[PDB]
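Structure first, then comments.
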Amino acid sequence: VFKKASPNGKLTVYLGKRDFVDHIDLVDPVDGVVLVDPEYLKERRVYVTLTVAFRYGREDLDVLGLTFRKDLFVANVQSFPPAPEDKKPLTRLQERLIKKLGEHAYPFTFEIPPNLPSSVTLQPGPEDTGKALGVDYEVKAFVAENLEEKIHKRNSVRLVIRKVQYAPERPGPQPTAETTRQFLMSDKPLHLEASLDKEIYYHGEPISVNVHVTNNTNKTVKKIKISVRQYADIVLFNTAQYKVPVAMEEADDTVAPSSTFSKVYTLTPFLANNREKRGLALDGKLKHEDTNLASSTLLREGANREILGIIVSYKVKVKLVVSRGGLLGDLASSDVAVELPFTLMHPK
Amino acid sequence: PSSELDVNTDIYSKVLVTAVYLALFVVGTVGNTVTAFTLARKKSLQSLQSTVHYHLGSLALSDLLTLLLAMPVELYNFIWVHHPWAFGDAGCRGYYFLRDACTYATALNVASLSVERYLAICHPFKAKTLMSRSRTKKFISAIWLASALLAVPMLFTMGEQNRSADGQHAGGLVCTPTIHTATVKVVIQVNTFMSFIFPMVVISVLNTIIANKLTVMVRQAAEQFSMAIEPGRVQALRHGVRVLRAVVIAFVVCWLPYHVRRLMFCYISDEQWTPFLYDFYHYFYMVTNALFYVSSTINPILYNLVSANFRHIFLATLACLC
Amino acid sequence: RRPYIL
């Protein structure tokens, strides 16, 4: 139970939480009563409104203007004269607030759509320009006429919400991948295998690159290299594969010709350790806070959602950098590497 | 004697010219390689996209190598030592091949750059439908290989001759083209049109349409999908229209005189032209190749220093080495 | 004489 009033002293907006879960089909219904000045807003009906903003950077084009922002889901609530269209239930927050207020307490309750995006922002560099860039939610209160749209700035209150995720109940399989030498080149390839412990991961819990070097070649003391990348793919827009590494961790091993090797590489990536990079997915920001790296967006159960959305997906990469067939290693630059996806979610 | 190949030029003027070429070489080499490494670290810093990063890299690479390759020989053997010509017959044939390939690289490269600038705004779907890293790599390798292949004719045309009063003389070898006059007219018209004319049309029309669409958005949100940059609706879009028109006027002003002088050599008749023009032609060569090298140096600051973000990382890296 | 340089 919060309190955020109109800074002309007009209307006290009051939402219950800020983060809101994503359930099975729906996510979470928004709620919240609104106590107002029941005489000072005369001839100005309280048409409160949710808003699902979407912005974008397009950091190549951003040197000219900005990118195409679009709304997604803009509902409205004529809150004070809401006689006929009655939303039948009553929240316990609404019940206790109705006990804790009076006639000016007009209530409100919203229902998010299922196949909309979730609360993600994007990491802005030095050129801040005030607004964030990701899918950000808002609850503005318009106590005015039908299409006034005036800047009654202290007389209209805004807020922010968060449709967040949680851990899926049943964790998935044990992920792995394998490939021989795509640079075989001598009728003798070189196999390779890697794996890790779980599929879902709470943040802070590390990676565990259980690997296997499987050599059958005559060369190639392979520098093993690990890389933790996220893939933010922005669906309806220019589907930018944001190949952003989070926290790399190299290795100084070497693959003897026709030998073998296995190890396990521990890796917790961190946000502030990887800070100051444009174009990556921070999680759902506050006004300004210590937000995690953005937890991975599940695909649609029944993946029939090419919505206007920004999906978030993580995968690791085992860079077996060997490249012996050249001058010294930089001339070949072969570096056989397979990848291995996974997820990451603040479970709560 | 040997005075038929005596380029009558004022020594103070040639000194001033050589100062200009030296200054442009210093700033072009330093700023171009600094732009290259700045941009490569900007892949390591902006860290989200490498769409046109490769294009700008190819352009900076082209400008760097054309400055460092062409500027020494074009200083000495043309502005300074006109008569003896001491840098090798197949050497000078390869030299003209190199400057032709480099001009073609810069030309078609800034052309493809502007076409990409168009294709970003006009079709916001089709770049993500085509332009992957593979598409960009194949694309710029295609542009580069075309710039290599179109240059092959100059290697087959720009000969050499001991064109003195006798064959054997003091320095009578002088790297003039040795093909027939119709042949050199054909290849110079081919080089001129293919290097500039449709680059002029492509750059001009595409950036004109880009400026028109930007101005139309400026007019539509002048009094206020949606696509609005409210503090930069004056500032950023003003800079945008300025630099778009600036890039095309820079390009036109900088490359029109150079192969304009080439065509002046082409459509030239000995009976038709007296010696007064000749001296003006040598001086015009000085001014023309000067403006072409400042062309080779101008484009990097207009494509990185126009932004402040690349100016941010560029200040970070130009402060790093020094 | 036509300029040899080009």
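Backbone-built Cβ (ideal geometry, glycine too); neighbour counts: all protein chains shown. Read the figures in this text as sums done on the coordinates, not as results from a lab.
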* (1) assigned to a loop (DSSP other than H, G, I, E, B); (2) at negative phi: which one isn't true of A:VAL77, the others all being true? -> (1)
* Could you grab the pairs with beta carbons closer than 6 Å, sequence gap of 6+ or different chains, first residue in segment B:186-215 and more than 19 Å from B:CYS266 (Cβ to Cβ), second one among the polar types (S, T, N, Q) and surrounded by 15 or more Cβ atoms within 10 Å (Cβ to Cβ)? => B:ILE203/B:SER114; B:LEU206/B:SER114; B:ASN207/B:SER114
* Structure fact -> Counting only residues in segment B:220-240 that are of a type outside the set (D, E, K, R) and within 32 Å of the chain's Cα centre (by Cα), the one nearest to the other protein chains (Cβ to nearest Cβ) is identified as B:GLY240
* Residue in segment A:272-287 that is surrounded by the most Cβ atoms within 10 Å (Cβ to Cβ), counting only those that are out of contact with any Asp or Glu (no Cβ under 8 Å at 6 or more places or on another chain) and within 14 Å of chain B (Cβ to nearest Cβ) -> A:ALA281
* Asked: Taking B:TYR76, is it out of contact with any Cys (no Cβ under 7 Å at 6 or more places or on another chain), among the hydroxyl-bearing types (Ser, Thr, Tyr) and either buried (at least 20 other Cβ atoms within 10 Å of the Cβ) or within 14 Å of chain A (Cβ to nearest Cβ) (or both)?
  -> no
* Which is under 30 Å from B:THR176 (Cβ atoms) and among the basic types (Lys, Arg), of B:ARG262, B:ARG219? -> B:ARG262
* To do: Would you check which residues across segment A:16-63 are outside any strand (DSSP E or B), within 14 Å of another protein chain (Cβ to nearest Cβ) and β-branched (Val, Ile, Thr) and list them?
  => A:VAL63
* To do: Output yes when any residue across segment A:251-262 is closer than 21 Å to A:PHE342 by Cβ and within 27 Å of the chain's Cα centre (by Cα), and no when none is.
  => no
* Residues of segment B:285-320 classified as under 18 Å from the mean Cα position of the chain (by Cα) and more than 19 Å from A:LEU64 (Cα to Cα), total -> 14
* Asked: For A:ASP233, are the conditions met, namely being touching a strand residue (DSSP E or B) at 6+ places or on another chain (Cβ under 8 Å), closer than 27 Å to A:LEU298 by Cα and either away from chain B (no Cβ under 13 Å) or of a type outside the set (A, V, I, L, M) (or both)?
  -> yes
* To do: Considering only residues that are part of a strand (DSSP E or B) and more than 9 Å from chain C (Cβ to nearest Cβ), look in segment B:157-184 and name the one that is surrounded by the most Cβ atoms within 10 Å (Cβ to Cβ).
  => B:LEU173
* Please enumerate the residues belonging to segment A:20-57 that are within 30 Å of A:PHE237 (Cβ to Cβ) and of a type in the set (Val, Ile, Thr). => A:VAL21, A:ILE24, A:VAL27, A:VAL30, A:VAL48, A:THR49, A:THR51, A:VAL52
* To do: Answer yes or no as to whether B:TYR303 is within 18 Å of B:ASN8 (Cα to Cα), out of contact with any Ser or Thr (no Cβ under 7 Å at 6 or more places or on another chain), surrounded by 15 or more Cβ atoms within 10 Å (Cβ to Cβ) and among the aromatic types (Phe, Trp, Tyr).
  => no
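Residues are listed down the side, and each one gets a yes or a no for (1) in a helix (DSSP H, G or I); (2) surrounded by 17 or more Cβ atoms within 10 Å (Cβ to Cβ); (3) hydrophobic (A, V, I, L, M, F, W, C); (4) more than 14 Å from chain A (Cβ to nearest Cβ):
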| position | (1), (2), (3), (4) |
| --- | --- |
| B:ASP279 | yes, no, no, yes |
| B:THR288 | yes, yes, no, yes |
| B:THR297 | yes, yes, no, yes |
| B:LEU315 | yes, no, yes, no |
| B:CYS320 | yes, no, yes, yes |
* Looking at segment A:85-132, which of its residues are surrounded by 12 or more Cβ atoms within 10 Å (Cβ to Cβ), more than 14 Å from every other protein chain (Cβ to nearest Cβ) and basic (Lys, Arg)? -> A:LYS87, A:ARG96, A:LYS100
* Scanning segment A:245-263 for residues that are touching an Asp or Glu at 6+ places or on another chain (Cβ under 9 Å) and in a loop (DSSP other than H, G, I, E, B), which turns out farthest from the other protein chains (Cβ to nearest Cβ)? -> A:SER262
* To do: Look through segment A:29-43, keep the residues that are out of contact with any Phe, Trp or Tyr (no Cβ under 9 Å at 6 or more places or on another chain) and of a type outside the set (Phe, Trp, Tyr), and return whichever of them is nearest to A:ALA141 (Cα to Cα).
  => A:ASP37
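Residues checked against (1) buried (at least 18 other Cβ atoms within 10 Å of the Cβ); (2) touching a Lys or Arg at 6+ places or on another chain (Cβ under 6 Å):
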{"residue": "A:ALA5", "(1), (2)": "no, no"}
{"residue": "A:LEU35", "(1), (2)": "yes, no"}
{"residue": "A:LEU50", "(1), (2)": "yes, no"}
{"residue": "A:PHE54", "(1), (2)": "yes, yes"}
{"residue": "A:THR67", "(1), (2)": "yes, yes"}
